[PDB]
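This report refers to the structure that appears directly beneath it.
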Amino acid sequence: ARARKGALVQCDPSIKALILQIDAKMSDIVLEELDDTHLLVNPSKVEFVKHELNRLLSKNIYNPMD
Amino acid sequence: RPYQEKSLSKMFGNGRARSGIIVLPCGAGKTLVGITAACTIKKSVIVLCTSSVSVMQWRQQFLXXXXXXXXXXXXXXXXXXXXXXXXXXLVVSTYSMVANXXXXXXXXXXXXXXXXXXXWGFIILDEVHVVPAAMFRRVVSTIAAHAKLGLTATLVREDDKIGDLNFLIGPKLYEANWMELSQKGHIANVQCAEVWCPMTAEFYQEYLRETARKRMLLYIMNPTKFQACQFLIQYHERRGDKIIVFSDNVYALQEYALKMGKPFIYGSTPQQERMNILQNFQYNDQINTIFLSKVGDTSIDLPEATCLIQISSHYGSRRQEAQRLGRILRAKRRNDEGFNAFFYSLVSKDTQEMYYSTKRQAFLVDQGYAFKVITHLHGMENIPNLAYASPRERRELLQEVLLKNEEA
């Protein structure tokens, strides 16, 4: 009977643990935790989610290959 | 071998006043080039080995040549010393006796007996990639011969001192391509593969909270890695191929050797139990999966087992793992029609070890070896003997690693 407006983000559980780290630092990111592959993220930070997620993989993988 | 005469073609050109490095594989006769060069110059040759088993391998080449037990071809050791001769001496020495520091066991005076009576003329150094060090510069500074020579199989090191050998010993002269020598004698065709096993969600969040050398205890002990190890173990026994499992960590070697029910060779293991497994590996067919640390690869390489599995990998030494993996493939020669030497690496996703393992595979492209990627082989979903597959065993493995992180 209640329909809240968020943003459904479907991903793997390893990425899902990285999205919750963004809500643990900058906060106001993950509204609700749905299941192991889905989350409820705020719609005003979805573009901020995609920009911050590319930064953490660039620091995790690195690999200059030189 | 024709590449040895190509290595000897530069010695027959100018004849006198030359010093360089010759790159020859470990399975190739690199000890045969030092014999023909000793019969050409005919002088007091001092062999610079590192192990006592390296002394005994050069003494068998002296028996194949001409004399060894006479008063000419000596044998410099810290237990006993032999006598040499003028312009006809073949002595093998040790790095931990000629250099040393102050620990003398009545053999340091014997080690300086041939380095003071002008008993030189030819310098032969075994493994020139280890000369980028510190005590190796004390060995070169105490000798002064007419010609020098360095013999090695690999020289890839990121210590930024391998380029110093061009003026210390000499520049590299002949580098033989290993893919071209694999067409001469089939020295096991390499198939570099990396099994991309997934990472569990319980071990992934606990991996990011750990750093230093304690974080590798969660990467190797991943529950899907035991599903990837036990699947590849049972896959090689169906093809009739023996397995040699490599691991840079001693504790992670014992964790994969005890659950799989296999004997192990690790640090500070007694030699009565070390040689007993080698009699069960080279003779008994029940032991086709051995687990070796860093002692059983730098001492004796086995020419069997055409399937190699790497589990524990350390950062930085990815070129040192390439020197270890290359000596196994060079030992595996018999020139078969197939001779598919499979190499696997159980690398978990989004861990700090798989991004350093790509530096190890990048060295293999420089050797000419082909590298392929295997995400998952379609057969691990049908193996009920995979440990830590059930979610109950993954939580039991999580508590054992969480107890391991509290101890470290």
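In the structure tokens, chains take letters A, B, ... by order of appearance, with residues numbered from 1 within each chain and ligands from 1 in the order shown.
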
Pull out every residue of chain A that has at least one atom within 8 Å of chain B, counting only C-alpha atoms, and report them as a JSON list (two decimals) with C-alpha atoms, in the first residue's frame.
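What landed in result.json:
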```json
[["chain", "number", "residue", "atom", "x", "y", "z"],
["A", 13, "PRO", "CA", 27.16, -9.14, -3.98],
["A", 14, "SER", "CA", 30.84, -8.11, -4.16],
["A", 17, "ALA", "CA", 29.48, -4.64, -0.35],
["A", 60, "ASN", "CA", 42.03, -1.85, -6.37],
["A", 61, "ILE", "CA", 43.13, -3.13, -9.78],
["A", 62, "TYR", "CA", 45.72, -0.39, -10.59],
["A", 63, "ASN", "CA", 48.08, -2.39, -12.89],
["A", 65, "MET", "CA", 51.72, -2.70, -16.86]]
```

Shell around residue 28 in chain A at 12 Å using only C-alpha atoms, local window under 5 positions removed, as a JSON list (two decimals) with N, CA, C and O atoms, in the first residue's frame:
```
[["chain", "number", "residue", "atom", "x", "y", "z"],
["A", 19, "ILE", "N", 29.09, -0.78, -2.46],
["A", 19, "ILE", "CA", 28.11, 0.30, -2.43],
["A", 19, "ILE", "C", 27.77, 0.67, -0.98],
["A", 19, "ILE", "O", 27.59, 1.85, -0.66],
["A", 20, "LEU", "N", 27.74, -0.32, -0.09],
["A", 20, "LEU", "CA", 27.48, -0.04, 1.32],
["A", 20, "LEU", "C", 28.65, 0.67, 1.99],
["A", 20, "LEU", "O", 28.46, 1.32, 3.03],
["A", 21, "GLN", "N", 29.85, 0.57, 1.43],
["A", 21, "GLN", "CA", 30.98, 1.32, 1.95],
["A", 21, "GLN", "C", 30.87, 2.80, 1.61],
["A", 21, "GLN", "O", 31.41, 3.65, 2.32],
["A", 22, "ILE", "N", 30.18, 3.12, 0.51],
["A", 22, "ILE", "CA", 29.94, 4.52, 0.16],
["A", 22, "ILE", "C", 28.93, 5.14, 1.12],
["A", 22, "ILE", "O", 29.05, 6.30, 1.52],
["A", 23, "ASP", "N", 27.92, 4.36, 1.52],
["A", 23, "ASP", "CA", 26.96, 4.82, 2.51],
["A", 23, "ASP", "C", 27.56, 4.88, 3.91],
["A", 23, "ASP", "O", 27.04, 5.59, 4.77],
["A", 40, "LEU", "N", 18.42, -0.36, -2.56],
["A", 40, "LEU", "CA", 17.64, 0.85, -2.79],
["A", 40, "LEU", "C", 18.55, 2.05, -2.53],
["A", 40, "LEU", "O", 18.88, 2.35, -1.38],
["A", 41, "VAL", "N", 18.95, 2.72, -3.61],
["A", 41, "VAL", "CA", 19.84, 3.87, -3.54],
["A", 41, "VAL", "C", 19.01, 5.12, -3.83],
["A", 41, "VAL", "O", 18.00, 5.06, -4.54],
["A", 42, "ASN", "N", 19.41, 6.24, -3.23],
["A", 42, "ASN", "CA", 18.75, 7.52, -3.42],
["A", 42, "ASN", "C", 18.88, 7.97, -4.88],
["A", 42, "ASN", "O", 19.96, 7.81, -5.46],
["A", 43, "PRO", "N", 17.82, 8.51, -5.49],
["A", 43, "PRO", "CA", 17.90, 8.84, -6.93],
["A", 43, "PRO", "C", 18.79, 10.03, -7.24],
["A", 43, "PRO", "O", 19.21, 10.20, -8.40],
["A", 44, "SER", "N", 19.09, 10.88, -6.25],
["A", 44, "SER", "CA", 19.94, 12.04, -6.51],
["A", 44, "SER", "C", 21.43, 11.70, -6.46],
["A", 44, "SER", "O", 22.25, 12.58, -6.75],
["A", 45, "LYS", "N", 21.79, 10.46, -6.11],
["A", 45, "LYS", "CA", 23.18, 10.06, -6.02],
["A", 45, "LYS", "C", 23.53, 8.86, -6.89],
["A", 45, "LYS", "O", 24.56, 8.22, -6.63],
["A", 46, "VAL", "N", 22.71, 8.53, -7.89],
["A", 46, "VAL", "CA", 23.00, 7.38, -8.75],
["A", 46, "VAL", "C", 24.18, 7.69, -9.66],
["A", 46, "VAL", "O", 25.04, 6.83, -9.91],
["A", 48, "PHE", "N", 26.44, 9.79, -8.76],
["A", 48, "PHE", "CA", 27.56, 9.83, -7.83],
["A", 48, "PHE", "C", 27.99, 8.43, -7.43],
["A", 48, "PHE", "O", 29.13, 8.21, -7.01],
["A", 49, "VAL", "N", 27.08, 7.46, -7.55],
["A", 49, "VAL", "CA", 27.42, 6.06, -7.30],
["A", 49, "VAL", "C", 28.32, 5.53, -8.41],
["A", 49, "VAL", "O", 29.33, 4.87, -8.14]]
```

> Got a sec: who's within 9 Å of residue 16 in chain A, counting only C-alpha atoms, leaving out chain neighbours fewer than 6 positions off, as a list in words?
Replying inline: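 Returned residues: residues 10, 36, 37, 38 and 39 of chain A.
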
> If you measure from CA of residue 189 in chain B to CA of residue 340 in chain B, what distance in Å do you get, rounded to one decimal?
Replying inline: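 Computed distance, CA of residue 189 in chain B to CA of residue 340 in chain B, equals 5.3 Å.
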
> How many Å lie between CA of residue 71 in chain B and CA of residue 89 in chain B, rounded to one decimal?
Replying inline: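 Going from CA of residue 71 in chain B over to CA of residue 89 in chain B, I get 8.5 Å.
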
>> Run DSSP on the backbone and tell me which residues of chain A come out as strand (DSSP E); list them as a ChimeraX atom specification.
In response: /A:7-10,30-32,38-41

Take the residues from that selection and write them out as an mmCIF file, in the first residue's frame, keeping N, CA, C and O atoms.
```
data_model
loop_
_atom_site.group_PDB
_atom_site.id
_atom_site.type_symbol
_atom_site.label_atom_id
_atom_site.label_comp_id
_atom_site.auth_asym_id
_atom_site.auth_seq_id
_atom_site.Cartn_x
_atom_site.Cartn_y
_atom_site.Cartn_z
ATOM 1 N N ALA A 7 15.692 4.162 -6.263
ATOM 2 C CA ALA A 7 16.387 3.750 -7.478
ATOM 3 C C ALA A 7 16.900 2.330 -7.282
ATOM 4 O O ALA A 7 17.741 2.085 -6.411
ATOM 5 N N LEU A 8 16.393 1.402 -8.088
ATOM 6 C CA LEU A 8 16.800 0.006 -8.006
ATOM 7 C C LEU A 8 18.133 -0.184 -8.719
ATOM 8 O O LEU A 8 18.248 0.102 -9.916
ATOM 9 N N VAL A 9 19.136 -0.662 -7.989
ATOM 10 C CA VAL A 9 20.462 -0.925 -8.536
ATOM 11 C C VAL A 9 20.758 -2.408 -8.360
ATOM 12 O O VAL A 9 20.936 -2.884 -7.232
ATOM 13 N N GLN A 10 20.804 -3.135 -9.472
ATOM 14 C CA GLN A 10 21.073 -4.568 -9.477
ATOM 15 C C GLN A 10 22.547 -4.791 -9.791
ATOM 16 O O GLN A 10 23.054 -4.282 -10.796
ATOM 17 N N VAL A 30 22.602 4.543 0.323
ATOM 18 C CA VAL A 30 21.706 3.394 0.297
ATOM 19 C C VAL A 30 20.528 3.657 1.224
ATOM 20 O O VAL A 30 20.689 3.733 2.448
ATOM 21 N N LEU A 31 19.338 3.798 0.641
ATOM 22 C CA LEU A 31 18.120 3.978 1.420
ATOM 23 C C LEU A 31 17.702 2.695 2.128
ATOM 24 O O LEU A 31 17.577 2.679 3.358
ATOM 25 N N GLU A 32 17.484 1.620 1.375
ATOM 26 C CA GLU A 32 17.134 0.329 1.945
ATOM 27 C C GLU A 32 18.022 -0.742 1.330
ATOM 28 O O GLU A 32 18.513 -0.593 0.208
ATOM 29 N N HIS A 38 20.307 -6.752 -4.913
ATOM 30 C CA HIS A 38 19.570 -5.525 -5.173
ATOM 31 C C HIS A 38 19.634 -4.617 -3.954
ATOM 32 O O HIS A 38 19.624 -5.081 -2.810
ATOM 33 N N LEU A 39 19.699 -3.312 -4.215
ATOM 34 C CA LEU A 39 19.712 -2.307 -3.164
ATOM 35 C C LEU A 39 18.766 -1.181 -3.547
ATOM 36 O O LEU A 39 18.359 -1.059 -4.706
ATOM 37 N N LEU A 40 18.419 -0.357 -2.562
ATOM 38 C CA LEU A 40 17.638 0.853 -2.787
ATOM 39 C C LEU A 40 18.545 2.050 -2.533
ATOM 40 O O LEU A 40 18.880 2.353 -1.384
ATOM 41 N N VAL A 41 18.953 2.718 -3.607
ATOM 42 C CA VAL A 41 19.837 3.872 -3.540
ATOM 43 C C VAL A 41 19.008 5.118 -3.827
ATOM 44 O O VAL A 41 18.001 5.058 -4.541
#
```

>> Run DSSP on the backbone and tell me which residues of range 45-293 of chain B come out as helix (DSSP H, G or I); list them as a ChimeraX atom specification.
In response: /B:52-64,95-98,108-111,128-130,136-140,162-168,178-184,201-208,216-220,223-238,250-258,271-281

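Among B:52, B:31, B:306, B:282, the residue with the shortest atom-to-atom distance to residue 191 in chain B, counting only C-alpha atoms, is B:306.
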
> Which is closer to residue 21 in chain B than all the others in B:246, B:283, B:291, B:167, using only C-alpha atoms?
Replying inline: B:167
